[PDB]
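>>> this one's structure only:
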Ligand SMILES: [Zn+2]
């Protein structure tokens, strides 16, 4: 199977507590963690997946482990109130990826951005060239309400990698009512 | 005062505090109860012997003179102690 | 001192009484607090 | 709370040999591990420890993580083999703690009620007894600010018990032992004196440098009171300090009087007996 | 000091040239004292200009015998720029080897009975080198060896380094005989038949190096090619020793290079190999990059044998330097490395050899006092035999108590000091102090007492000192006595050699 | 097959875990394992030492837990250096640290798996300070009864290892077993700092505090022990003045001296602490 370590990032920003995604984004992104942890389980047994809180202070409560049980426990009562912070959210998972015992696993990060961010374009392009030097491939899936047809995030994924690098894909929520399972139905079949 | 020379007199307290000589007892001994000084009072000449002190503030150009009081302690110990083992450095080997 | 202080624990030491000697060079001696043993030369002092 | 800690040479080496572990691969940052303490009483003792791989980004200088599975099952390993050993905190090689080291203790406060972090030093240079000890405590402030944690310094001492004494006491093979009464006290007069000179010198150099550069502020949460404590005692005579002078002279009387007494006794015995056995050996042989 | 010494000496040989009666013993004294490369070329060019043949034969052999190899390289360099073949014969010293060979085969006096009494002992420990090195001494240069014929099962007992020493004695007894030494060993040649004894084939080139020491020939490159061929590092052990010992004192260049890329093969037992080899080729050269690379390779290496080989290596490069080497001696002695301190002990010994100056005994004897390591302290008290050998009489007096010390290491190295210093003398005082040494309870101090007591009695018969036969019977006694230690009895048969 | 003189390069961390794992089990004998790397036959190194948990079966070949070895080596894989296991060790705090019947019963298993597997024993009891103590053991091959049992070559470390000859019951194991040499490799910087670490005892705690604590007491209640020392003056020297007269009666030395020598000279060395540290007051009090 493919060798890599996937680090899932839940969105704890205060804008993620609304029930627009049925029944609530808390359970919606919980099912999103359910489908990414079960797919990586069906993908390779050697994949270890932790969680990271992006907004406010960034702390990983569950050390990187192949078992998602403790991750599912932290999905409940997470108290996702705070202001979204982007620039640190990728690097905090990058440090968790440098603590891996085995060096044969590729560095992989999946994050959810459900809130408008104040991150400047200079900061995301500095992280883009930094990830170019660090080879890390990040697959982001945009939830929630944000700038219509997100650009700085799309340009972030574009300028993140190149040639090929097969790759970083960005999935933005369509402007219409839908279930969270329908939003994650596309990435699970094809990245 | 640079002092100590921590023994004062009744004339110093009674003139500064402009209080009668009978109330300087209550005066200085209440400060003993406050805790700012532990000193004792010599009532023969009516002198007041202070002990220790209560540190409150201080000031600029005091960190400099503090380096003077320090560096003097530095060259004191350095000189004398380097003289001590200067004598016995031979016999050690 | 330390060497004899190292020698003497792992074994101890005692005093025997010879009740007989052997043609094989051994000697009949008692461990007095306990039952007897029979041991051999002991090449400095001979049997005779 | 925690007053003083006893740091054995075993835990210090357990950090430094791990500084060889990740030091051969380098590069930056510091060696961080989990500290195994032993609490018999208010005085804290340390016996064993274990180190965990740790990395800290600078970007993001506030990002830190440890491996909890390593802390969990190895604690299950060391508690198994030794039931007296438990984790009292963590440690790092410093040399000076960055502001991010607080949250590490705040994470492991679930393991131990009070986690004491021990800064250590892998390369001995200055000024004295190595490492350091900081206990996690909330002192708030006299300024009534929202409660913040500034770790209080815990005095650290080096000690051992039995076998840990055996190993190092044979491993010295360096300087005379002690020797009691001659070189011992006077070399300590050099070290404690001179290292006390450059201590306060460089520390008073920081006193003026912090006022010159670095404000705010550092003046004066404690500057005004601490510096006045320096101005507590100048402290010279007159008067009673003059009485202590010749009283101290009266104190040296007895001891030096006894010195002359030992001189007479040592000279009497040795000289008489030696000349006896000398003149006798010469007159009998010659 | 040598400052004004040679300046006073240089004019005295000139006033002997101005004197009516020429005398070659004074120019012989300056040849071995002033020791400058151009002067020997000047005096001998005056001999060729004088058309001198008969009486120059003396001073010419004193030049070969008593002068350094580079001194011979200097005089042949300026001379060659009958007598032309004569100077080649006298500087190569081949006639001295052939007459020495004929002297050893005709006049040989040996006793096989003692060799048989040590043979049939057949003790499995430490005896491997014992008998072969002892009979290789007494029989040196005979080429007649019957040893493998008379002792067989003892040699069949040989294993590991035993076959190294076994074929190494082949070169000790064949010492000299430069011509046929290569082809006469074809049966004992360093095979390399690969049932691997490979310390065997390493010791074979070691034997070829013992004969080819000092002067030499194309056999040096014959061992060099075999160092670049066959296996490793087993060849380098005695092979590189053969390469370095044959180039000893010749200041060979390429050997320093090809031994650097050979030094980088990263093994342990070969550490002493390249160390002694590089130290012998650079002897007296007091070079710079050689010691710099030897002290630069001692860090990343994990072996202590490369430290000891390079210890004697950087010690052997400096010989007779006196105060010139003290700049490095200060760094070697001040360092906390005991092996490097022992390196400075052999370095200060070879530099102060022949001189009784007290500047050496300052630090040499200081580290012989306050140091906590007995081995380097032993090598510290052994240098008394190297530096003070010109005045052996005072050593038994100053080292008198120093043989009473509690540790046997100081008593051992001091016994070796008194043995090698007074060896050239018939002094009975050293034999008197060595009498309690063989009575000491420790084993190897008795062993060193046996070797040193054989060093004081060298060539000296019973009429010299009464203890000759007393010690001779004491040697066969302790080796034929199984109750004695094998260590202490190793120096017995060694003393017989 | 080929046998040569062996040397064990040890790390100070190994010896620390040795005596630490042995001290925590006193009197009961514990069981550890040796960790390191095999470079060659004539040299060997132990770069790490870890301890095995104590079980109910006691010290036995079954006491080694396989799932503990799998998880430890996994914890060593996430550790900087995951070196392979080499051999075993067990402490013997209660006696002279000799191999028992179970020690060889696990030795044929450790020699089965691992080629060498050197057995090491350590005890705190023998010396409190100035001896290596510990021990060394290696099982000789019983299949070598054909050939000779007496290697090695380069007897240097061998003949020096045998001494003292280590008693009788220990060298009673010299049949079927043999010891191995141990040297301390530097690593001088850590050895020097850890040297000063225990020197904090007799020197001072911080190299400042303890003799500034000698500036704390500083004659203080230290004249009370001078009063007991001057009571030792009166006591010992009132019977010291009876000695030289008796020497004139018995004519003369009974060998002797009573010693009854030195002593209070050291009290006068504390008087050197009196004069020095009190002379510091002129520096302390003035500026
Ligand atoms: Zn056992």
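Great, that's in hand. Residues are numbered from 1 along each chain as shown, chains lettered A, B, ... in the order given.
>>> what residue in chain A comes nearest to the ion?
The nearest approach of chain A to the ion comes at residue A:101, 35.0 Å away (Cβ to the ion). From N, CA and C alone the C-beta is placed, and that goes for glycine too.
>>> chain center to stretch F:76-90: distance?
Here stretch F:76-90 is found 23 Å from its chain centre; the criterion is Cα atoms, centre = their mean, to the nearest Å.
>>> anything in that stretch near chain E?
No: in terms of Cβ under 8 Å from any Cβ of the partner chain, no part of stretch F:76-90 sits within range of chain E; the closest distance is 14.9 Å.
>>> and that stretch, does that touch chain A?
Yes: using Cβ under 8 Å from any Cβ, stretch F:76-90 reaches chain A at F:77-78.
>>> can you give me the first-to-last residue distance of that stretch?
Using Cα to Cα, to the nearest Å, the end-to-end distance of stretch F:76-90 comes out at 21 Å.
>>> same question, stretch A:9-22
20 Å.
>>> neighbours of residue 117, how many?
I'll assume chain A. Burial of residue A:117 is recorded as 22 neighbouring residues (other Cβ atoms under 10 Å in any protein chain shown).
>>> try again with chain E
With other Cβ under 10 Å as criterion, residue E:117 counts 14.
>>> dump the residue contacts of it.
E:476, E:479-480 (Cβ atoms under 8 Å, 6 or more residues apart in numbering or on different chains).
>>> if I look at the residue lying closest to the residue of chain A closest to the ion once chain neighbours are set aside, how far off is residue D:27?
Spatially, and ignoring its direct neighbours in sequence, residue A:101 is nearest to residue F:78 (3.6 Å; Cβ to Cβ, 6 or more residues apart in numbering or on different chains). To residue D:27, residue F:78 is 19 Å away according to Cβ to Cβ, to the nearest Å.
>>> same question, residue A:173
For residue A:173, the distance to residue D:27 equals 42 Å [Cβ to Cβ].
>>> more neighbours: which of these two?
Ranked by neighbour count (other Cβ under 10 Å), residue A:173 and residue D:27 place residue A:173 first, with 18 against 6.
>>> residue in chain D nearest to chain B?
Here chain D gets closest to chain B at one residue, residue D:228, 3.3 Å apart by Cβ to the nearest Cβ.
>>> please work out how many residues are found near that residue.
The burial count for residue D:228: 18, using other Cβ under 10 Å.
>>> same question, residue E:183
8.
>>> please enumerate the strands of chain B.
Taking DSSP state E as the criterion, chain B carries its strands at B:7-8, B:40-42, B:47-49.
>>> in a markdown table: those, plus distance to chain D and mean neighbour count.
Formatted as a markdown table, the strands of chain B follow (distance: least, Cβ to the nearest Cβ, whole Å; neighbours: other Cβ atoms under 10 Å in any protein chain shown):
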| stretch | distance to chain D | mean neighbour count |
| --- | --- | --- |
| strand B:7-8 | 7 | 18 |
| strand B:40-42 | 12 | 15 |
| strand B:47-49 | 9 | 18 |
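>>> out of the ones you listed, nearest to chain C?
Nearest of these (Cβ to the nearest Cβ): strand B:40-42, 62.0 Å.
>>> which single residue in chain C comes nearest to chain B?
Going by Cβ to the nearest Cβ, chain B is nearest to residue C:2 of chain C, at 28.4 Å.
>>> that residue - how many residues pack around it?
Quick note: residue C:2 (other Cβ under 10 Å) scores 10 neighbours.
>>> adding neighbour count, distance to chain B and secondary structure, write the contacts of residue E:117 out as JSON lines.
Formatted as JSON lines, the contacts of residue E:117 follow (neighbours: other Cβ atoms under 10 Å in any protein chain shown; distance: Cβ to the nearest Cβ, whole Å; DSSP: H, G, I helix; E, B strand; the rest coil):
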{"residue": "E:476", "neighbour count": "16", "distance to chain B": "48", "secondary structure": "helix"}
{"residue": "E:479", "neighbour count": "28", "distance to chain B": "45", "secondary structure": "helix"}
{"residue": "E:480", "neighbour count": "14", "distance to chain B": "50", "secondary structure": "helix"}
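>>> of all those residues, which comes closest to residue D:168?
Set against residue D:168, the nearest of these by Cβ to Cβ is residue E:479 (45.0 Å).
>>> correct me if wrong: that closest one contacts residue E:118.
Yes: in this structure residue E:479 lies within contact range of residue E:118 using Cβ atoms under 8 Å: 6.1 Å.
>>> mind listing the shared neighbours of these two?
residue E:493.
>>> sec struct for residue C:12, please.
coil (DSSP: H, G, I helix; E, B strand; the rest coil).
>>> list the contacts of it.
Going by Cβ under 8 Å, 6+ apart, the list of residues near residue C:12 is empty.
>>> now do it against residue F:165, distance only.
Here the distance between residue C:12 and residue F:165 works out to 18 Å (Cβ to Cβ).
>>> what strand or helix carries the residue in chain E positioned nearest to the ion?
Using Cβ to the ion, the single residue of chain E nearest to the ion is residue E:125, 31.0 Å away. Per DSSP states H and E, residue E:125 falls between elements, in no helix or strand.
>>> same thing with the one 3 residues further on?
If you go by DSSP H and E, residue E:128 is part of helix E:127-138.
>>> can you report how many residues lie near the residue in chain C positioned nearest to chain F?
Proximity of chain C to chain F (Cβ to the nearest Cβ) peaks at residue C:10, 4.3 Å away. Counted with other Cβ under 10 Å, the neighbours of residue C:10 add up to 17.
>>> just checking, residue E:249 touches residue E:283?
Yes: using Cβ under 8 Å, residue E:249 makes contact with residue E:283 at a distance of 5.1 Å.
>>> and for residue E:405, nearest residue in space, chain neighbours not counted?
For residue E:405, the closest residue by Cβ to Cβ, 6+ apart turns out to be residue E:411, at 5.7 Å.
>>> would you say the one you found is within a helix?
Yes: per three-state DSSP, residue E:411 lies within a helix segment.
>>> distance of it relative to residue E:399?
10 Å.
>>> so how many other residues sit close to the residue lying closest to residue E:202 once chain neighbours are set aside?
Distances taken as Cβ to Cβ, 6+ apart place residue E:237 nearest to residue E:202, at 4.0 Å, with adjacent residues excluded. For residue E:237, the tally of surrounding residues (other Cβ under 10 Å) stands at 25.
>>> what kind of secondary structure is residue E:237 in?
Three-state call for residue E:237 (three-state DSSP): helix.
>>> ok, residue A:188 touching residue A:40?
No: the pair residue A:188 / residue A:40 is not scored as a contact, 10.4 Å apart, by Cβ under 8 Å.
>>> list the contacts for residue F:223?
Counting by Cβ under 8 Å, 6+ apart, residue F:223 has contacts residue D:251.
>>> give me the nearest residue to residue E:40, chain neighbours excluded.
Ranked by Cβ to Cβ, 6+ apart and with sequence neighbours excluded, the top spatial neighbour of residue E:40 is residue E:75, at 4.5 Å.
>>> again with residue D:183
Per Cβ to Cβ, 6+ apart, closest to residue D:183 is residue B:92, 6.6 Å.
>>> can you count the residues close to that neighbour?
So residue B:92, with other Cβ under 10 Å, has 11 neighbours.
>>> thought residue D:186 was touching it, still the case?
No: using Cβ under 8 Å, residue B:92 makes no contact with residue D:186, being 9.6 Å away.
>>> thanks again, I'm all set now.
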